[PDB]
Amino acid sequence: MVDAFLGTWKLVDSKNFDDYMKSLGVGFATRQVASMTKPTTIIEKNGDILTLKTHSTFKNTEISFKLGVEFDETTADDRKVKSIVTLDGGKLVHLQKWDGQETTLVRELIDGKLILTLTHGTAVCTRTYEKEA
Ligand SMILES: CCCCCCCCCCCCCC(=O)O
């Protein structure tokens, strides 16, 4: 089920991330730095617990979760959210809820690349990651 997502991934393309960040209320200076950062995302499993690390020169995060079980999360931009990650149509779908707002972080594999689609409000960002050996 989740196995093809596992490993270490590097950002190689980003579209509309500033629009996504601005929709979330991220301040201009953080957006500026974020627009020039290329994170590494590491996805690992131990039994049915997944751990997703996002590492960069700017912010680092780490979450652990069971698919289909809600968890508390504090995002890179400091939102305290209620989250769930599931597998839907072969895509790893991460839904965050806070203050009646929602955002989705959808990951799918296309030609071996990991495409992350971020949606909040009307903003839709697509970020492409490529697998590291
Ligand atoms: C990684 C620097 C971004 C920091 C500030 C904006 C955070 C927005 C929410 C998380 C976005 C994750 C994007 C990704 O994993 O490529």
# chains A, B, ... in the order shown; residues from 1 in each chain; ligands from 1

call {"tool": "residues_around", "arguments": {"residues": "region 90-97 of chain A", "least_positions_apart": "2", "cutoff": "9 Å", "atoms": "only C-alpha atoms", "output": "VMD selection string"}}
result
chain A and resid 1 to 2 5 73 80 to 88 99 to 109

call {"tool": "residues_near_ligand", "arguments": {"ligand": "ligand 1", "cutoff": "9 Å", "atoms": "only C-alpha atoms and all ligand atoms", "output": "count of residues only"}}
result
42

call {"tool": "residues_around", "arguments": {"residues": "residue 46 (chain A)", "least_positions_apart": "4", "cutoff": "12 Å", "atoms": "only C-alpha atoms", "output": "JSON, numbers by chain"}}
result
{"A": [2, 3, 6, 50, 51, 52, 64, 65, 66]}

call {"tool": "select_by_dssp", "arguments": {"residues": "chain A", "states": "helix (DSSP H, G or I)", "output": "PDB file with N, CA, C and O atoms, in the first residue's frame"}}
result
ATOM      1  N   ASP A   3       4.229   1.516   0.220  1.00  0.00           N
ATOM      2  CA  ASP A   3       5.657   1.222   0.101  1.00  0.00           C
ATOM      3  C   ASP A   3       6.392   2.013  -0.982  1.00  0.00           C
ATOM      4  O   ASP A   3       7.545   2.333  -0.771  1.00  0.00           O
ATOM      5  N   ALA A   4       5.741   2.319  -2.089  1.00  0.00           N
ATOM      6  CA  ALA A   4       6.447   3.035  -3.139  1.00  0.00           C
ATOM      7  C   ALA A   4       6.748   4.504  -2.765  1.00  0.00           C
ATOM      8  O   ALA A   4       7.584   5.129  -3.398  1.00  0.00           O
ATOM      9  N   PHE A   5       6.069   5.038  -1.716  1.00  0.00           N
ATOM     10  CA  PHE A   5       6.354   6.366  -1.229  1.00  0.00           C
ATOM     11  C   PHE A   5       7.572   6.435  -0.319  1.00  0.00           C
ATOM     12  O   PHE A   5       8.044   7.524  -0.022  1.00  0.00           O
ATOM     13  N   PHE A  17       3.813  27.864  -4.702  1.00  0.00           N
ATOM     14  CA  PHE A  17       3.996  27.725  -3.247  1.00  0.00           C
ATOM     15  C   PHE A  17       3.793  29.054  -2.549  1.00  0.00           C
ATOM     16  O   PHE A  17       3.267  29.067  -1.417  1.00  0.00           O
ATOM     17  N   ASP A  18       4.206  30.173  -3.150  1.00  0.00           N
ATOM     18  CA  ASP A  18       3.955  31.432  -2.496  1.00  0.00           C
ATOM     19  C   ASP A  18       2.460  31.679  -2.329  1.00  0.00           C
ATOM     20  O   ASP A  18       2.015  32.134  -1.261  1.00  0.00           O
ATOM     21  N   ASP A  19       1.653  31.358  -3.347  1.00  0.00           N
ATOM     22  CA  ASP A  19       0.220  31.551  -3.234  1.00  0.00           C
ATOM     23  C   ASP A  19      -0.347  30.705  -2.066  1.00  0.00           C
ATOM     24  O   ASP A  19      -1.197  31.175  -1.291  1.00  0.00           O
ATOM     25  N   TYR A  20       0.130  29.472  -1.949  1.00  0.00           N
ATOM     26  CA  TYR A  20      -0.326  28.586  -0.869  1.00  0.00           C
ATOM     27  C   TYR A  20       0.048  29.145   0.485  1.00  0.00           C
ATOM     28  O   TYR A  20      -0.780  29.238   1.409  1.00  0.00           O
ATOM     29  N   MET A  21       1.322  29.528   0.652  1.00  0.00           N
ATOM     30  CA  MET A  21       1.766  30.093   1.907  1.00  0.00           C
ATOM     31  C   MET A  21       1.009  31.364   2.260  1.00  0.00           C
ATOM     32  O   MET A  21       0.633  31.593   3.410  1.00  0.00           O
ATOM     33  N   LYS A  22       0.812  32.232   1.268  1.00  0.00           N
ATOM     34  CA  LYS A  22       0.108  33.469   1.563  1.00  0.00           C
ATOM     35  C   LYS A  22      -1.321  33.186   1.986  1.00  0.00           C
ATOM     36  O   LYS A  22      -1.876  33.847   2.879  1.00  0.00           O
ATOM     37  N   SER A  23      -1.982  32.199   1.380  1.00  0.00           N
ATOM     38  CA  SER A  23      -3.348  31.822   1.754  1.00  0.00           C
ATOM     39  C   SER A  23      -3.406  31.402   3.223  1.00  0.00           C
ATOM     40  O   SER A  23      -4.383  31.664   3.927  1.00  0.00           O
ATOM     41  N   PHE A  28       5.684  37.608   4.847  1.00  0.00           N
ATOM     42  CA  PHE A  28       6.456  37.766   3.620  1.00  0.00           C
ATOM     43  C   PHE A  28       7.888  37.292   3.744  1.00  0.00           C
ATOM     44  O   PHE A  28       8.422  36.778   2.782  1.00  0.00           O
ATOM     45  N   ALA A  29       8.512  37.486   4.904  1.00  0.00           N
ATOM     46  CA  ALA A  29       9.945  37.138   5.039  1.00  0.00           C
ATOM     47  C   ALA A  29      10.118  35.651   5.040  1.00  0.00           C
ATOM     48  O   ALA A  29      11.064  35.091   4.485  1.00  0.00           O
ATOM     49  N   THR A  30       9.186  34.949   5.720  1.00  0.00           N
ATOM     50  CA  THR A  30       9.213  33.491   5.672  1.00  0.00           C
ATOM     51  C   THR A  30       8.940  32.977   4.275  1.00  0.00           C
ATOM     52  O   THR A  30       9.588  32.043   3.820  1.00  0.00           O
ATOM     53  N   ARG A  31       7.978  33.587   3.573  1.00  0.00           N
ATOM     54  CA  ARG A  31       7.729  33.163   2.200  1.00  0.00           C
ATOM     55  C   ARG A  31       8.966  33.331   1.326  1.00  0.00           C
ATOM     56  O   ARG A  31       9.291  32.508   0.489  1.00  0.00           O
ATOM     57  N   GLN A  32       9.658  34.452   1.513  1.00  0.00           N
ATOM     58  CA  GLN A  32      10.844  34.759   0.736  1.00  0.00           C
ATOM     59  C   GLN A  32      11.857  33.628   0.880  1.00  0.00           C
ATOM     60  O   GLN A  32      12.376  33.061  -0.087  1.00  0.00           O
ATOM     61  N   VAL A  33      12.196  33.294   2.146  1.00  0.00           N
ATOM     62  CA  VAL A  33      13.188  32.241   2.359  1.00  0.00           C
ATOM     63  C   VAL A  33      12.696  30.905   1.851  1.00  0.00           C
ATOM     64  O   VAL A  33      13.405  30.142   1.166  1.00  0.00           O
ATOM     65  N   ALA A  34      11.430  30.594   2.150  1.00  0.00           N
ATOM     66  CA  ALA A  34      10.849  29.326   1.705  1.00  0.00           C
ATOM     67  C   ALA A  34      10.881  29.152   0.213  1.00  0.00           C
ATOM     68  O   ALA A  34      11.048  28.027  -0.308  1.00  0.00           O
TER      69      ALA A  34
END

call {"tool": "atom_distance", "arguments": {"atom1": "CA of residue 98 (chain A)", "atom2": "CA of residue 49 (chain A)"}}
result
23.3 Å

call {"tool": "select_by_dssp", "arguments": {"residues": "chain A", "states": "strand (DSSP E)", "output": "ChimeraX atom specification"}}
result
/A:7-15,40-46,49-55,61-66,71-74,80-88,91-98,101-110,113-120,123-132

call {"tool": "atom_distance", "arguments": {"atom1": "CA of residue 44 (chain A)", "atom2": "CA of residue 119 (chain A)"}}
result
24.0 Å
